[PDB]
file protein_12.txt (compact mmCIF, C-alpha atoms)
# COMPACT_ATOMS: atom_id res chain seq x y z
CA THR D 156 -79.20 37.29 15.57
CA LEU D 157 -78.50 39.54 18.57
CA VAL D 158 -81.29 39.91 21.10
CA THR D 159 -82.06 43.44 22.26
CA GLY D 160 -81.53 44.54 25.84
CA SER D 161 -85.28 44.51 26.47
CA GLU D 162 -85.53 41.00 25.01
CA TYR D 163 -82.70 39.95 27.33
CA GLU D 164 -84.56 41.42 30.31
CA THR D 165 -87.79 39.61 29.47
CA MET D 166 -85.82 36.38 28.95
CA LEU D 167 -84.23 36.86 32.37
CA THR D 168 -87.51 37.69 34.13
CA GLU D 169 -89.25 34.80 32.39
CA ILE D 170 -86.69 32.30 33.68
CA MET D 171 -86.81 33.96 37.10
CA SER D 172 -90.53 33.10 37.17
CA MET D 173 -89.51 29.45 37.65
CA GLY D 174 -88.14 30.43 41.08
CA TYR D 175 -84.47 31.14 40.37
CA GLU D 176 -82.82 34.20 41.88
CA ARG D 177 -81.83 36.95 39.45
CA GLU D 178 -78.06 36.63 39.79
CA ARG D 179 -78.07 32.86 39.16
CA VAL D 180 -80.13 33.31 36.00
CA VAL D 181 -77.78 36.07 34.81
CA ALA D 182 -74.80 33.74 35.29
CA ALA D 183 -76.58 30.89 33.48
CA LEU D 184 -77.43 33.17 30.55
CA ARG D 185 -73.77 34.17 30.37
CA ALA D 186 -72.72 30.51 30.43
CA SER D 187 -75.21 29.69 27.66
CA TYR D 188 -74.51 32.71 25.42
CA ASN D 189 -78.14 33.81 25.89
CA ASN D 190 -79.59 30.49 24.67
CA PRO D 191 -82.47 30.04 27.16
CA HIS D 192 -82.62 26.29 26.62
CA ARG D 193 -79.01 25.75 27.70
CA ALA D 194 -79.43 28.33 30.47
CA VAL D 195 -82.39 26.46 31.97
CA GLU D 196 -80.53 23.16 31.50
CA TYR D 197 -77.65 24.64 33.50
CA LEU D 198 -80.05 25.87 36.18
CA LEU D 199 -81.72 22.46 36.40
CA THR D 200 -78.76 20.08 36.21
CA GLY D 201 -75.54 22.12 36.32
CA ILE D 202 -73.13 24.15 34.15
CA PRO D 203 -70.65 22.28 31.90
CA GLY D 204 -68.07 20.21 33.74

call {"tool": "encode", "arguments": {"input": "protein_12.txt", "output": "structure tokens"}}
result
Amino acid sequence: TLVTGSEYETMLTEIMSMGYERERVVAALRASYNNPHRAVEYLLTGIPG
């Protein structure tokens, strides 16, 4: 499964609604390979390492 670009954008804006700035959410989605659960985990408690 490959999300579409519009699905990516709604995933990004949805996580941004928590209060996170756009660029940080973009980086977290890259770190998590577009898994929103890992991305939010990274935004809450840090990226791996």

call {"tool": "atom_distance", "arguments": {"input": "protein_12.txt", "atom1": "CA of residue 159 (chain D)", "atom2": "CA of residue 203 (chain D)"}}
result
25.9 Å

call {"tool": "residues_around", "arguments": {"input": "protein_12.txt", "residues": "region 179-185 of chain D", "least_positions_apart": "6", "cutoff": "9 Å", "atoms": "all atoms listed in the file", "output": "list in words"}}
result
residues 167, 168, 170, 171, 191, 193, 194, 195, 196, 197, 198 and 202 of chain D

call {"tool": "atom_distance", "arguments": {"input": "protein_12.txt", "atom1": "CA of residue 175 (chain D)", "atom2": "CA of residue 161 (chain D)"}}
result
19.3 Å

call {"tool": "closest_residue", "arguments": {"input": "protein_12.txt", "among": "D:173, D:164, D:158, D:201", "to": "residue 186 (chain D)", "atoms": "all atoms listed in the file"}}
result
D:201

call {"tool": "atom_distance", "arguments": {"input": "protein_12.txt", "atom1": "CA of residue 188 (chain D)", "atom2": "CA of residue 157 (chain D)"}}
result
10.5 Å

call {"tool": "axis_aligned_box", "arguments": {"input": "protein_12.txt", "around": "region 164-169 of chain D", "padding_each_side": "4 Å", "output": "lines of an AutoDock Vina configuration file"}}
result
center_x = -86.7
center_y = 38.1
center_z = 31.5
size_x = 13.0
size_y = 14.6
size_z = 13.2

call {"tool": "build_atoms", "arguments": {"input": "protein_12.txt", "residues": "region 165-179 of chain D", "atoms": "N, CA and C atoms", "output": "mmCIF file, in the frame of the given file"}}
result
data_model
loop_
_atom_site.group_PDB
_atom_site.id
_atom_site.type_symbol
_atom_site.label_atom_id
_atom_site.label_comp_id
_atom_site.auth_asym_id
_atom_site.auth_seq_id
_atom_site.Cartn_x
_atom_site.Cartn_y
_atom_site.Cartn_z
ATOM 1 N N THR D 165 -86.606 40.459 29.376
ATOM 2 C CA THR D 165 -87.790 39.610 29.470
ATOM 3 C C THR D 165 -87.410 38.128 29.502
ATOM 4 N N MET D 166 -86.319 37.747 28.833
ATOM 5 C CA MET D 166 -85.820 36.380 28.950
ATOM 6 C C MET D 166 -85.403 36.083 30.380
ATOM 7 N N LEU D 167 -84.685 37.023 30.999
ATOM 8 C CA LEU D 167 -84.230 36.860 32.370
ATOM 9 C C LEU D 167 -85.404 36.795 33.347
ATOM 10 N N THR D 168 -86.371 37.713 33.217
ATOM 11 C CA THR D 168 -87.510 37.690 34.130
ATOM 12 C C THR D 168 -88.384 36.462 33.913
ATOM 13 N N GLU D 169 -88.479 36.001 32.670
ATOM 14 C CA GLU D 169 -89.250 34.800 32.390
ATOM 15 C C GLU D 169 -88.644 33.576 33.068
ATOM 16 N N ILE D 170 -87.320 33.428 33.005
ATOM 17 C CA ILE D 170 -86.690 32.300 33.680
ATOM 18 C C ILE D 170 -86.773 32.470 35.190
ATOM 19 N N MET D 171 -86.654 33.712 35.669
ATOM 20 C CA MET D 171 -86.810 33.960 37.100
ATOM 21 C C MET D 171 -88.183 33.512 37.594
ATOM 22 N N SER D 172 -89.204 33.530 36.731
ATOM 23 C CA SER D 172 -90.530 33.100 37.170
ATOM 24 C C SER D 172 -90.562 31.634 37.578
ATOM 25 N N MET D 173 -89.569 30.827 37.170
ATOM 26 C CA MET D 173 -89.510 29.450 37.650
ATOM 27 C C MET D 173 -89.169 29.378 39.139
ATOM 28 N N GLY D 174 -88.494 30.396 39.670
ATOM 29 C CA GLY D 174 -88.140 30.430 41.080
ATOM 30 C C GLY D 174 -86.675 30.738 41.327
ATOM 31 N N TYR D 175 -85.909 30.910 40.252
ATOM 32 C CA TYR D 175 -84.470 31.140 40.370
ATOM 33 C C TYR D 175 -84.172 32.606 40.658
ATOM 34 N N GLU D 176 -83.201 32.841 41.537
ATOM 35 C CA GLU D 176 -82.820 34.200 41.880
ATOM 36 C C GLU D 176 -82.110 34.871 40.706
ATOM 37 N N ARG D 177 -82.276 36.192 40.615
ATOM 38 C CA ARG D 177 -81.830 36.950 39.450
ATOM 39 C C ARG D 177 -80.370 36.693 39.096
ATOM 40 N N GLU D 178 -79.486 36.725 40.090
ATOM 41 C CA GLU D 178 -78.060 36.630 39.790
ATOM 42 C C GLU D 178 -77.697 35.258 39.230
ATOM 43 N N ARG D 179 -78.355 34.192 39.697
ATOM 44 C CA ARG D 179 -78.070 32.860 39.160
ATOM 45 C C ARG D 179 -78.524 32.749 37.710
#
